[PDB]
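Novice: quick one, structure for this:
(chains A and B, ligands or ions: 2)
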Amino acid sequence: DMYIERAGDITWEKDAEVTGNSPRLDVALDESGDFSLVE
Amino acid sequence: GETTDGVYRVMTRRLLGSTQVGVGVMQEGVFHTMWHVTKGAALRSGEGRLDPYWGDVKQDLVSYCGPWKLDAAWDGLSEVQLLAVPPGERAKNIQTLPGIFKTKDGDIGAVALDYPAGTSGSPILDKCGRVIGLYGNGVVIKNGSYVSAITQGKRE
Ligand SMILES: Oc1ccccc1CNc1nc2ccccc2[nH]1
Ligand SMILES: Oc1ccccc1CNc1nc2ccccc2[nH]1
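Specialist: Residues are numbered from 1 along each chain as shown, chains lettered A, B, ... in the order given. Ligands and ions are numbered 1, 2, ... in the order given. What follows is the structure:
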């Protein structure tokens, strides 16, 4: 039996850590909700 | 149970100790998470029970207590923030510029940030603090990196 616990408010933080790239990918989504890369 | 708006951990005691299997968003009295986290099963908040209300395996989304309420969308240009809630760790905002998943049915924003599986359901926010989707359904690319779609539901 799964249970939930509060972890925080949902707010934009000024001067948060900034990271991650921005890839543009061709993908497919199947009936089971899984994404796959199309090449 | 707790009904306050915010981000919550989804936990289970069925494995070793207490294990975080995902995360979700409480907004307007509705709990929102990804389908793969709960498989549509009921949840507990203290002594209160949250029953599933709407779900879809292909979208990989589920709402509890009422219909899906999150309707904000990525503008396609601006940086967003992932409000990551990793297992055993404090909630932390990470700012990033999304990439794009291109599909036969249209394009979707995507965030290239790597966190453990139990972080699935963490919200992605715009500059107004609006939830534009949930993190945790995506792909692994050539270099071994994980890229999540920005998965958003439809407010009927
Ligand atoms: O949570 C996930 C996050 C990422 C990938 C897959 C899953 C599903 N795994 C899962 N094991 C559970 C055991 C007890 C209750 C809920 C559970 N969900
Ligand atoms: O990130 C992963 C992705 C896929 C599989 C396993 C891991 C574990 N590694 C890990 N990187 C973190 C970065 C921030 C907070 C917690 C973290 N845990």
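
Novice: can you tell me the centre-most residue of the chain?
Specialist: As the question left the chain open, I've gone with chain A. Among the residues of chain A, residue A:20 comes closest to the average C-alpha position under C-alpha atoms, centre = their mean, at 12.0 Å.

Novice: that's the wrong chain, I wanted chain B
Specialist: residue B:121 (2.4 Å).

Novice: quick one: name the residues of chain B near ligand 2.
Specialist: By the criterion of C-beta under 6 Å from any ligand atom, the positions of chain B lying close to ligand 2 are B:86, B:114-116. For the C-beta atoms, the positions are set from N, CA and C on the backbone; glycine is no exception.

Novice: farthest-separated two in those residues?
Specialist: B:86 and B:114 (10.6 Å; C-beta to C-beta).

Novice: before we move on, back to that, the residue nearest to the centre of chain A reaches residue B:84, doesn't it?
Specialist: No: between residue A:20 and residue B:84 there is no contact under C-beta atoms under 8 Å: 11.4 Å.

Novice: overlap of the contact sets of those two?
Specialist: Both residue A:20 and residue B:84 are in contact with B:94, B:113, where contact means C-beta atoms under 8 Å, 6 or more residues apart in numbering or on different chains.

Novice: can you list the residues of chain A near ligand 1?
Specialist: Near ligand 1, the residues belonging to chain A are residue A:2 when assessed by C-beta under 6 Å from any ligand atom.

Novice: let me know whether stretch B:142-154 sits next to ligand 1.
Specialist: No: contact of stretch B:142-154 with ligand 1 (C-beta under 6 Å from any ligand atom) is absent, the minimum separation being 11.1 Å.

Novice: what are the buried residues along that stretch?
Specialist: Of the residues in stretch B:142-154, those scored as buried under the neighbour-count criterion (16 or more other C-beta atoms under 10 Å in any protein chain shown) are B:146-153.

Novice: just the residues you listed now: which is nearest residue A:4?
Specialist: Using C-beta to C-beta, residue B:153 comes nearest to residue A:4 of those, at 18.4 Å.

Novice: surely that closest one is in contact with residue B:62?
Specialist: No: counting by C-beta under 8 Å, residue B:153 sits too far from residue B:62 to count as a contact (9.2 Å).

Novice: please enumerate the shared neighbours of the two.
Specialist: residue B:32.

Novice: which members of the buried residues of stretch B:142-154 occur in helices, if any?
Specialist: Of the positions in the buried residues of stretch B:142-154, not one sits in helices, assigned by DSSP state H.

Novice: if we can go back for a sec, for the nearest residue to the residue nearest to the centre of chain A once chain neighbours are set aside, give me its contacts.
Specialist: For residue A:20, the nearest residue in space outside its immediate sequence neighbours is residue B:96; the separation is 3.7 Å by C-beta to C-beta, 6 or more residues apart in numbering or on different chains. Contacts for residue B:96 were tallied using C-beta under 8 Å, 6+ apart; they are A:18-20, A:22, B:79-82, B:111-113.

Novice: what subset of the residues you listed is buried?
Specialist: Judged by 16+ other C-beta under 10 Å, buried ones among the contacts of residue B:96: A:20, B:80-82, B:111-113.
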